[PDB]
Protein chains: 2
Amino acid sequence: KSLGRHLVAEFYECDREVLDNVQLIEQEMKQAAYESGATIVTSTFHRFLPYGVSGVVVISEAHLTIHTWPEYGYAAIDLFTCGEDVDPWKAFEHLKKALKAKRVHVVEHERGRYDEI
Amino acid sequence: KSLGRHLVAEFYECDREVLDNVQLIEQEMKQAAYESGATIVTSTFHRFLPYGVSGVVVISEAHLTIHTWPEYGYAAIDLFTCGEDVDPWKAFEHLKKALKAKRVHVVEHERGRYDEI
């Protein structure tokens, strides 16, 4: 149907200690990419004091990104995967559990629809 | 009304040679980040084989990403920016021009709505 599947997710009421832990966030993001069966290309995570954590796990022709706002218990997550063998929802599940999100809103986009290309 | 603005764009019928030029793509992506008013934290580009370029420019609490499919003249672009000072539509303009897309579809998402946070 499409080259890739992309989940644009809003995570609310997360564990704020976790959202402010850059080493833990990177760990859980890499674990999520593994759960989805994705192949990791590179991974870069950082936390600059005035903010929360930001990071990206670049995968084959796609990416998993996260930007956290500990002060609001909120996280902006994007799970973009390519290939019928890579499931964005597996990454979503692991992350939802790891961040202890109590409320989520997710929009799923078909990136590169075959009838559009 | 929200922490950030997010453009999910589909670029069709792009200059396939540009889509497969990893150095040029990197230049236009960082330049697009400049024109939008964002602050680049880091960036990482990789070329997919036999064809394709992947890249992510991490900015303050956000990101700009691109995944190209030269064999289809298609590129999946994401322009997520935070702050009233950064406008994702400027990056879009620069990229539309750089890739010479002849048809584009863009969805704008509000990431982290204040009324939800």
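Caption draft 1: View of the interface of chain B and chain A. If you look at the interface, chain B gives 36 residues, while chain A gives 38 residues. Interface area, chain B with chain A, both sides summed: about 3,100 Å², of which 62% is carbon and sulfur. On the chain B side of the interface with chain A, the three residues burying the most area are B:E61, B:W69 and B:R111, jointly 20% of the side's total. The shortest N-O distance in the salt bridge between A:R111 and B:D78 comes to 2.7 Å.

Caption draft 2: Expanded view of the relation of the copies chain B and chain A. With an axial shift of 0.1 Å and an RMSD of 0.6 Å, the rotation relating chain B to chain A amounts to 180°. When the rotation and shift are considered jointly, the pair of chain copies conforms to a two-fold rotation axis. Ranked by how close their C-alpha atoms come to the rotation axis, the residues of chain B are headed by B:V56, at 4.1 Å. The share of interface residues of chain B whose copies in chain A are also at the interface is 100%, consistent with both copies meeting through the same surface.

Caption draft 3: Structural detail: the pattern of salt bridges. Residue and element names in this part refer to chain A. A full pass over the atoms with the stated rule returns 20 salt bridges over all chains. Across the salt bridge formed by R103 and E13, the nearest N and O atoms sit 3.9 Å from each other. Placement of the pair is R103 in strand β6 (residues 103–113) and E13 in the loop between β1 (2–12) and α1 (16–19), with a sequence separation of 90 residues. Judged by its relative accessible area of 32%, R103 falls in the partly exposed class. Residue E13 is classed as partly exposed on the basis of its relative accessible area, which comes to 39%. A salt bridge links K30 to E26; the shortest N-O distance between them is 3.7 Å. Pair noted here: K30 and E26 are both in helix α2 (residues 22–35), with a separation of four residues, about one helical turn. Its relative accessible area of 36% is what places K30 among the partly exposed residues. Among the residues examined, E26 registers a relative accessible area of 23% and is labelled partly exposed. Shared partners join several salt bridges into a network, and the residues in it are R5, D87, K90 and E108.

Definitions and limits used
- Residues numbered from 1 in each chain as written, not as in the entry; some residues may be left out.
- Chains lettered and ligands numbered in written order.
- Heavy atoms only, no water.
- Residues with missing side-chain atoms left out of burial classes, pairs and counts.
- Contact = heavy atoms within 4.5 Å.
- Buried area = accessible area lost by both parts, 1.4 Å probe.
- Salt bridge = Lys/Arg side-chain N within 4 Å of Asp/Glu carboxyl O.
- Least-squares fit on C-alpha atoms.
- Helix = DSSP H or I, 4+ residues; strand = E, 2+ residues; numbered from the N terminus.
- Buried < 20%, exposed > 50% of the residue type's maximum accessible area, 1.4 Å probe, protein only.

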